[PDB]
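What the coordinates show
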Amino acid sequence: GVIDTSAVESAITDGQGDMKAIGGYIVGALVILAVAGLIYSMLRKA
Amino acid sequence: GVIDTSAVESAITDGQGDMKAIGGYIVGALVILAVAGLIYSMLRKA
Amino acid sequence: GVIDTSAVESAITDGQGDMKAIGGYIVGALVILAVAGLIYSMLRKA
Amino acid sequence: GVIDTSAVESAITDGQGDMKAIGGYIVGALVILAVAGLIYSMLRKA
Amino acid sequence: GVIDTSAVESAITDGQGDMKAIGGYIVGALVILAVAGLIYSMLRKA
Amino acid sequence: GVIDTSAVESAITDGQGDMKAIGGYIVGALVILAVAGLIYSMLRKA
Amino acid sequence: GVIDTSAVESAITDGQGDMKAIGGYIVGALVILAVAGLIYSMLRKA
Amino acid sequence: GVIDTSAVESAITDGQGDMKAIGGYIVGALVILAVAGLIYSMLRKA
Amino acid sequence: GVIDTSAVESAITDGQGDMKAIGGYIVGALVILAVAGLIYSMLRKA
Amino acid sequence: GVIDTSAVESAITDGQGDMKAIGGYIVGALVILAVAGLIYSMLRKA
Amino acid sequence: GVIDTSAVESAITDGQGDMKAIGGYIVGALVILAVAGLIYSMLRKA
Amino acid sequence: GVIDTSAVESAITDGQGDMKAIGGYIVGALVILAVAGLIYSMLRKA
Amino acid sequence: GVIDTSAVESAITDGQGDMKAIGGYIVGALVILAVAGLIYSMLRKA
Amino acid sequence: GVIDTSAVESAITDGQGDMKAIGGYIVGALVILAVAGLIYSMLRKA
Amino acid sequence: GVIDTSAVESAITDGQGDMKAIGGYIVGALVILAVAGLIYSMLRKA
Amino acid sequence: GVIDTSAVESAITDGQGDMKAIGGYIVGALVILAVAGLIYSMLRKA
Amino acid sequence: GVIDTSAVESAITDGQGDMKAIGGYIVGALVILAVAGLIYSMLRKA
Amino acid sequence: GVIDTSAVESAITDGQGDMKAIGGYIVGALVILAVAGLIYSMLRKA
Amino acid sequence: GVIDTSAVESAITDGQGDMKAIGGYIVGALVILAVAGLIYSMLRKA
Amino acid sequence: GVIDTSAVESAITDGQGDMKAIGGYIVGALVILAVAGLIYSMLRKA
Amino acid sequence: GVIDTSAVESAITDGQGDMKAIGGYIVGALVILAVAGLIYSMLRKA
Amino acid sequence: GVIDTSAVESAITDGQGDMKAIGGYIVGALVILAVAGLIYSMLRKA
Amino acid sequence: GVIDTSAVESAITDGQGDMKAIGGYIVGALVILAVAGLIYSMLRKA
Amino acid sequence: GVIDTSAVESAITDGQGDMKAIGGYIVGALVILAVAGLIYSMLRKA
Amino acid sequence: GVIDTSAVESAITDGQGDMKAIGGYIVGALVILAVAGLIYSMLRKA
Amino acid sequence: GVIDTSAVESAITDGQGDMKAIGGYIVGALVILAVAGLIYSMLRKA
Amino acid sequence: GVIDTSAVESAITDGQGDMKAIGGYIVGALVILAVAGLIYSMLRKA
Amino acid sequence: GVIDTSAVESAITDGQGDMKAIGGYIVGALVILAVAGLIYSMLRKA
Amino acid sequence: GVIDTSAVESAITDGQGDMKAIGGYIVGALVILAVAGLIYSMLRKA
Amino acid sequence: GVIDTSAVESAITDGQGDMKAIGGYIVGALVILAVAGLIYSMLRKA
Amino acid sequence: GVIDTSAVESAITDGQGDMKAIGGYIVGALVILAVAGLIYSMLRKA
Amino acid sequence: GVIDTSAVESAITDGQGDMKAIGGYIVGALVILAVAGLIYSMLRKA
Amino acid sequence: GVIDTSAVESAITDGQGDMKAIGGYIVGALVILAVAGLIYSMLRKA
Amino acid sequence: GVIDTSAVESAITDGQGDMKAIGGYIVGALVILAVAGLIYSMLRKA
Amino acid sequence: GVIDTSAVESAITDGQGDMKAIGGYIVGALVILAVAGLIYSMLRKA
């Protein structure tokens, strides 16, 4: 008997890897929101 | 295995790009508020 | 991919446009205050 | 798109209109002060 | 739209009305000063 | 499709209507201030 | 729809009512000033 | 087929009904603020 | 073969129809909020 | 394949259309506030 | 040969029928949510 | 030799035929779900 | 065939019933907020 | 020849009969879910 | 359906009640200002 | 023939019974959320 | 040998065809949600 | 509603009361001026 | 069926209870503001 | 962008204009004082 | 072996295509909100 | 419900109390002005 | 049959218990906001 | 003849018995989810 | 990333520009006050 | 259930405490104004 | 017969155990949100 | 004996291959959602 | 007789073993989701 | 069962801690305003 | 694992950067107010 | 059995770590708002 | 961070500059008063 | 909890300190007025 | 956990720093007022 759940070990790793990309780039756009929101609040402020 | 989360890299970029447009033009109108508010405060001032 | 945030470009422009109207006409009434205040201060003055 | 800030044009106008009434009638009472002050100063004068 | 600044028309009128009372009665006392001053100056005169 | 934003047309109208009442009666009390202020200034004047 | 801005009609009325009291009694003290000022000016006069 | 969104017609109506109560009674307290503010401004005035 | 997705055409239509009712009557209550909010802001205003 | 997102094109348009109505009529009431505020400030002014 | 899928025609109909009941009465409770939410928003509003 | 699999040709056809009925009427009930779900989502929405 | 969706009729009713309790008592606490907010605004007011 | 598939006619009927019981009582518990879900959503709501 | 916005009727009433207390006692201190201001103006007067 | 779906009648009943417990106790915790949320909103309020 | 999976080619095509209808009409109702949501957000907005 | 502007009635009264004291004692010193002025004028006279 | 929304009745009550504490103690600090503001205005006054 | 502060240019001008009227007519009464003072001093002179 | 997931390549593309339409037109209505919100804030501003 | 605006009753009282101190001591310095003014007028007198 | 939903009774209780901790400590920080806000308003006040 | 389906009576009973264990202990873990979810919602709440 | 706050640079500039107009023309009317005050003081002088 | 709003009792107390410090020290500077104003008025007096 | 659902008793226990870890550590990050949100609200506050 | 599960090795590989295509292109459309959601949130934001 | 279900004992054990690997590594990716979600919520938060 | 909401106890504490820093340093700048305002009022005073 | 919140580090920086621009240019207009206010106060002064 | 929720322990930690970065840098921009707001209030102040 | 309050340095300077103009020219008219007063006193003298 | 209003203690002190400078130097110029007024009165005297 | 509110410590410091500049230069212009007022009072004096 056996079952080489080793390719899982690896392939799941890439899953993690891309979620790091989407997880990152996604944040890149939340910053534009964030900053544009800081500026919006800056203008309406004074 | 694989998963080309490369079109994400790009497409998210445009998301950023338009948020820069809305983020910008939006501000364009906060300025009208801002300035019209400076002027309003100018008139009520004296 | 894409996203035509071009109608934004325009429509936000009208937003600016009317805020110019309200921004203007509003001031029209602050002048009545202003002037009626100059006159009030004229009368109480002498 | 659009936004009929035309009723503003008009309604703000009446705002101006009544401020002309208050602005006027108000002055009517500053005259009583004014004149009664001229007379007061007339009497204390001689 | 509207704004009945008609009760203003009236109420301001009474404001005028009482200022006529104070404006009058006030003068009543400036006369006592006035006359008592004429008499004072009459006595010190001769 | 559709959406009868007609009851809005009307109901908002009453909103306007009562704001005319509060907008009016409110002014009724600013007149008491106003006039009592004219009289106060009348008395302290002479 | 509706909105009974009728209790406003009334309650604002009392606001007017008390401002008439303060507006009156306040004047009561401006008279003491007034008269004591007439008398002061009477004494310094002669 | 069907769907009797008739009990909606009614029940939403009561929603409107109570919002008229809260909408009204709420205003009842803004009047106390309002009037007590007129009086406060009356006293600090003279 | 076949599949008469014609009763869908119709029945979905009523779905639209009632959502127009809820979509409408719902708005009816947002107006009470809206107007009662205009009035609330009217009172706290002056 | 396909997907006629054409009824969207239209129906969203009406959404825009009514928001223009609410967007307009709403403003109608902000004017009553606005003007009643100009007048309020007119009275407290003099 | 044959197969009388006629009792289907009918029985499925009742399925529709009760889903109209649940579909209706269910909505009855979403209205309580809805309205109680309008009122909640009414109170927190002013 | 032979084998008249012709009655198959036909009888299977009716099988198709009724599956069109069940296939249709079944959908009739998924619409009640569907629409009642649109309405449910309409109510919880606003 | 059949399906007694009658216990639904009833049980859903109680669901409505308790939502009336929570819907009510909930409001009870929004009033404490409301009133304590009126009072807070009363104190900061004068 | 023959085959009395008449006891089928009947016995299948009871099968239907009990499925009506399970079909019913089952629903009885989906209502507790349903209502407890309406209430849960009521509480988290306000 | 229903919603007992009756505890609102009452509780809002107390809100009014205390605002009458703060509204009153607050005024109590504006009188000390007021009178101490009359006296101050009395002394600087003569 | 037969099938005693009577133990179903009963056992499903207990299912209902415990869902009443979970349905209840669950709510017990939504109240802590609820109230702690009222208090949180109380503090941030003033 | 053989197997004419040609009627599949076609019949699956209609499957696609109706899913285009449901896929379309379904969207028709999401627009009512959508727009009624834009309007709802319009009203609560101002 | 209400507003007990009764403590005003009283407290303003004391304001009057002390202004009578200052108003009196003040005069006490204008007499010393007065008389010392009569005497001064007596001496320079002869 | 059932749902003991009785612990709600109670627990919400405490929510009310503490909001009375925060609602009270909060006011305690608005008084320090209030009074320190009366005194500040007392000093700048004379 | 923009802001037509042109109606200001004009309206302020009228403010100037009336202040010229009050500024003038006011002087008209200071002349009566002036001259009546010259005459008063003429008489007391000889 | 094989599997022509090429029609996927294309059909998914249209999915993208319409989401661009809804994604666009949707924004068209957020602009009406946006601008009507700028204007609303313009009016309440002055 | 409730709201113990009793600590207000008291704390506002101290506000009154200190305003009596400032109100008093303030006057103490107006007397130095007053008297030094009587004396100044005494000296310049003769 | 059975189902010991007794560990629920207990475990849910702790859920309540910790929400009391978070519910409490959370408030601890809203007080720092609160008080620092009272002080901020104290400083900007005078 | 015969068939002692009595060991079924019993053995099925244990099946019920363990499903009560799994049915219970399973719930034990849904509570950890449940409570940890209440707490999670507690923290994100305030 | 980015955010072209360049239109701000400019538009704020015009705000400055008009405030220069109002700032100027406003002064134009303070001169009429000023001069008419010099003249008033000239006449009352001699 | 519960909620220890006891740390509120205390922490709000310190808020009061520091407002007493700012409330006090603030006054310390209004005295410098006050006195320097008495002296200024002393010098310009004679 | 039998079935040792004893390893369930245990293994489910660990499931509970780790959910306590995730349930805990998860909260650890909601605190960073929480606190960073308190601080964010602290800064925007004053 | 034997069994060449080698064509499996390969054919499963293509399965992986296309799932990479669908897995990829699928994501292509989630980006349109994603970005259109960022933009939607951008507009509703300011 | 016999049957060595001992290799089951073992082989099932490895099944458990790998499910621990997949069960673990799987979680590894839910953490990236989790954390990237905490961060996403961090950014949109402030 | 359990849930160590102990790291909350602590971490929330730091939240309090920094809000004390911002709460403090913030005040540091309100003092510059405060004092510069005392001085400004000092200069404009005399 | 990981998450490159480094683009945040940077992009937030620009947010700061533009807020420095708006923060600056905004002030540019408060100076026009400021100075025009100094001049206004200069003219009304003498 | 087992489940190494140890990588959770760690990975969640980084989640905390970056939220500290965003939590920090975010604040960096609220300071620019804060300070630019102090300065804005400084200028409009005097 | 930063904030270029350098344009303040300059712009305030011009404020000073014009106040020097008004401050000067104003004096120019006080001289006409002054001298015309010397001459007036010259004539009435002899 | 806490709040170090100690930097207030100090910074307010300097506020006092400079007001002593302005309070002093200001007086320095009132002396020039004073003395130049004594001398003016000396010359016009004889 | 943590939160480096250290950049606050610093950045707020500059806020203080510029308010010292505006706080200073502002005063620079109040001196021109001040002195030009001393001179104005010098001229009108003699």
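Residues numbered from 1 in each chain as written, not as in the entry; some residues may be left out. Chains lettered and ligands numbered in written order. Heavy atoms only, no water.

Once that is clear, we can look at the UniProt feature "transmembrane region" in chain A. UniProt marks residues 22–42 of chain A with the feature "transmembrane region", using the numbering shown here. End C-alpha to end C-alpha, residues 22–42 of chain A measures 30 Å, and it is 100% helix and 0% strand. (UniProt positions renumbered as here; feature names shortened; annotations may be inferred. Helix = DSSP H or I, 4+ residues; strand = E, 2+ residues; numbered from the N terminus.)

Accessible area lost on assembly of the parts is the figure often given for the size of an interface. Tallying the contact residues gives 14 residues for chain AC and 14 residues for chain A. Of the roughly 1,200 Å² buried between chain AC and chain A on both sides combined, carbon and sulfur atoms contribute 80%. Counting the surface chain AC buries against chain A, the share from its top three residues, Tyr25, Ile32 and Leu43 of chain AC, is 47%. On inspection of chain AC and its partner chain A, the count reaches 0 salt bridges. Where chain AC packs against chain A, one counts 1 residue pair in polar contact. Among the residues making up the side of chain AC that touches chain A, the classes are represented as 11 nonpolar, 1 polar and 2 charged. (Contact = heavy atoms within 4.5 Å. Buried area = accessible area lost by both parts, 1.4 Å probe. Salt bridge = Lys/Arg side-chain N within 4 Å of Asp/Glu carboxyl O. Polar contact = N/O pair within 3.5 Å; in protein donor to acceptor, adjacent residues only side chain to side chain. Nonpolar A, V, L, I, M, F, W, Y, C, P; charged D, E, K, R; others polar.)

Relative to the helices and strands, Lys20 of chain AD is located in helix α1 (residues 6–45). Buried charged residue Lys20 of chain AD carries no salt bridge. Nearest counter-charge: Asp14 of chain Z, at 8.1 Å. (Buried < 20%, exposed > 50% of the residue type's maximum accessible area, 1.4 Å probe, protein only. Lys, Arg positive; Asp, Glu negative; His and termini not counted.)

Before going further, it helps to spend a moment on the arrangement of the chains. Nothing in chain G touches chain J, and the closest approach of their C-alpha atoms is 14 Å. Across all C-alpha pairs, the smallest distance from chain D to chain K is 26 Å, and the two are not in contact.

Another point: the layout of surface pockets. All names here are of chain AC. The space that makes up the second largest pocket amounts to roughly 540 Å³. By residue number, the principal contributor to the lining of the second largest pocket is helix α1 (residues 6–45), which donates 8 residues. For the lining of the second largest pocket, the residue count by class is 13 nonpolar, 5 polar and 3 charged. (1 Å grid on protein atoms, 1.4 Å probe; cavity = no way out; pocket = protein on both sides within 12 Å on 5 of 7 lines; lining within 4 Å. Points joined across faces, edges and corners; volume = space filled by probe spheres on them.)

What follows deals with the side chain of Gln16 of chain E. With respect to the helices and strands, the residue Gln16 of chain E is situated in helix α1 (residues 6–45). A relative accessible area of 17% means that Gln16 of chain E is categorised as buried. Beyond its immediate sequence surroundings of up to four residues, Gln16 of chain E is in contact with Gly28, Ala29 and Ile32 of chain D.

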